[PDB]
Structure formats: structure tokens, C-alpha cells
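Participant: Take a look and give me a structure for this.
(2 chains)
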Number of protein chains: 2
Amino acid sequence: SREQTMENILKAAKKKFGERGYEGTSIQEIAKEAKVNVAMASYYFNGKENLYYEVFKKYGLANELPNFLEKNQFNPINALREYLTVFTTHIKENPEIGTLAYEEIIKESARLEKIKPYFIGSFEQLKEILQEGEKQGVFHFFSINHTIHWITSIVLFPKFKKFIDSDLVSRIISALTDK
Amino acid sequence: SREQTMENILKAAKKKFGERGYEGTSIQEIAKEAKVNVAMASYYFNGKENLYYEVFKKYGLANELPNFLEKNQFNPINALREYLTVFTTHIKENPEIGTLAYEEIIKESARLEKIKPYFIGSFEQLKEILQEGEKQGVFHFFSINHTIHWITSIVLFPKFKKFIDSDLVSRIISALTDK
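Facilitator: Numbering: from 1, shown residues only, chains lettered A, B, ... in the order given. This is the structure:
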């Protein structure tokens, strides 16, 4: 069926886009990887750019993410522990956010507005947790922005952690709570 | 002459690699951009991978970077001011470090060891300045690592600054000196 095929194409697309980035990947490489022809792939998704958006729309974590504050009765340490655990485990297991979050959030712009709706929640929530923590007097920081900056970096990019340095959840909590 | 031609190819390569990343760019695209043929390009640089290293070796800033501490008589504020100014101006004017520092330092590994020698000095120096500042009691921070993490991010990636937030040298100095 068209839908099942489209699921196979998306899986192939996550892989190739994760490898080469948007501008580095052709619909042909994805079609080859999916064992379908280009015209079919292009028809089903209405082109490479929509196919790319569909990868975020299918594999983006935000849509199915619980509200961690609410789930933890607004305990900002428990909420943050749960949030970081959910993230670090998923990111190591799927390092196609490594390349694609970098390209689109960190470096760039062109397609930004189209994909934002699929990662901005993850950031809005981290911000909520840090600010609820600050409000409750348990977290301390100069800039919410830099804190967001540095938490993101060390979570998304564990090999850059290595480059510098040369578990993580508890390390982040300890940094935040220090006075 | 072979050398002049190679300079034209390198300029073309900085551009295309900056656009599409290593795995996203072919020697053919660079050859086309340079108005030479592929065999010549490939012969002159001994292949795409060496050509890539040559881009770092030619456009990497570290090799011609002064020692900012020494230049500023070991005043860590003046040194850091000068270091950040040199960096932010060069990075905005050449956003082919944006993509290539991300790909190689931040995300990845494969070719890491080959290119490190061409950016590790920039990081070693920032570290020196921050630590000399800390030693002299003027800079205050929990983790030298996170500080390196967050300074890098907001300097390299000004559009991610915007995504979050939604001049810089003085902002960084002020964050560091606060107690």
C-alpha cells in the first residue's frame, strides 16, 4: 500500500538525511535505499523538501512527549531528571538528531520555520523546567539562555564532550543546584 | 600554474564543502565550480579527502593566530576581548566555519584526528585565557568545560542565539566576571 511504502521511504530518508544532511542527500539515494523508484518516492511525498519535513513529523520526539513537570507534580529535579533521561537515551540510540538538529536548529535557517513546530516544544519544556526550578529556589544560574545553550550541546553532542573533557544527568543537576 | 589552479580549487572547495558538508559534496561539483576537470582536481590534491584537509590547512585561523595573553601582557580581560573580537568578526564574514566546525568538531569523528591540528589551538588558547582569568580571580565559573561549551556555541552560531533569545563580547565578559 502507498502508506506502508511511504513508511519504508521515511525510514530510508531518516538514514540518508542523517548521513549527508538535506542539501547533501538526493531523492535518488533515498529511493535506492528504500528499493523504490524516484518518481514514486517524489509523487508520494510531493518532493524532497516535503519528504524531509515528514522525517521530522514522523521521528520528532516532541509530539509524543509527556509534560514532565505535571508528571512529576512540579518537582523540577525529578522533572529534569526524567527529561534528560528521556533525551540522552533516545539521542544515543538515534544519532540522526545529532546531524539534523545541528543543521537546522544550530547552524541554519532556510527551512527553519517549517520544522520548528517539531522541535520547539522540547526546548520550551526544558525552559519551563529550568525556570520552575529557579522560581522554587533549587536551580541557580546567571543566564537561562547560556544554560539552555550548554545543556543542549553536551546532551546532543557526546563526542564534543570528549573533545573538551580531554552519569551526565547527575552532573547537570549538580551544576544547576550549586550556589 | 599548478599551484595557482590549486588555489582556485581550494576557494571553490571551501564554498561547496561549506554548503553541503564533506559527504554531501562531490569532487565533480567542486571541479565544476572551479572551472577545471575532475581528473586534474583529483590529481592535484590526491583525492577528495586530502582536498578537504587542505581547506582546513588553508583557511583554518589557528596557524596565524597571535598569542593573545602574551600580546595583552597576560591581562585576561583584554586578551579575551581581543580573542572574541578576532573570532566573531571572522566567523560572521566566513560562515563556512559554521557548517564545517559543526560537522567535524561538534557532531562527528571519522576525519577528526586529521583536522584537529588545525582547530585545537583555538580551543587550547580560549582555555588558557579563561584559566588565567580564573587564576587571577577575575573570572568565576563552575565548569571550565561548560563555559568553553557555551562560549563556542553562541559565537559560532548567532542564529541559534536568536532561536534561544526569542555587544556579544561585552555580554560574555560580564557573564564571566559576575559573582
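Participant: So which bits of chain A are right by chain B?
Facilitator: A:19-21, A:23-25, A:98-99, A:102-103, A:105-109, A:112, A:123, A:142-143, A:145-146, A:148-150, A:152-154, A:157, A:159-161, A:163-165, A:175, A:178 (Cβ under 8 Å from any Cβ of the partner chain). All C-beta spots, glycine's among them, are computed from the backbone N, C-alpha and C.
Participant: and the residue of chain A found nearest chain B, which of the three is it?
Facilitator: Nearest to chain B in chain A, going by Cβ to the nearest Cβ, is residue A:24, at a distance of 2.2 Å. With DSSP: H, G, I helix; E, B strand; the rest coil as the basis, residue A:24 sits in coil.
Participant: So what's the residue count around it?
Facilitator: By the measure other Cβ atoms under 10 Å in any protein chain shown, the count of residues near residue A:24 is 20.
Participant: Report the contact partners of it.
Facilitator: The contact partners of residue A:24, taken as Cβ atoms under 8 Å, 6 or more residues apart in numbering or on different chains, are B:20, B:21, B:23, B:24, B:25.
Participant: Confirm for me that the first one is in contact with residue A:21.
Facilitator: Yes: between residue B:20 and residue A:21 there is a contact under Cβ atoms under 8 Å: 6.9 Å.
Participant: Looking at these two, which is more packed in?
Facilitator: residue A:21 (24 against 19).
Participant: So residue A:109: helix, strand or coil?
Facilitator: Using three-state DSSP, the structure places residue A:109 in coil.
Participant: separation between it and residue B:163?
Facilitator: 10 Å (Cβ to Cβ, to the nearest Å).
Participant: And residue A:78, by the same measure?
Facilitator: From residue A:78 to residue B:163 the distance is 27 Å (Cβ to Cβ).
Participant: in chain A, which spans are helices?
Facilitator: Assigned by DSSP state H, chain A shows helices spanning A:2-20, A:27-34, A:38-45, A:48-59, A:68-71, A:76-93, A:98-101, A:112-115, A:120-135, A:144-156, A:158-165, A:168-177.
Participant: Quick one: list the elements packing against the last one.
Facilitator: Contacts of helix A:168-177 with other secondary structure elements, assessed using 3 or more Cβ pairs under 8 Å, 6 or more residues apart in numbering or on different chains; DSSP states H and E, are made with helix A:76-93, helix A:144-156.
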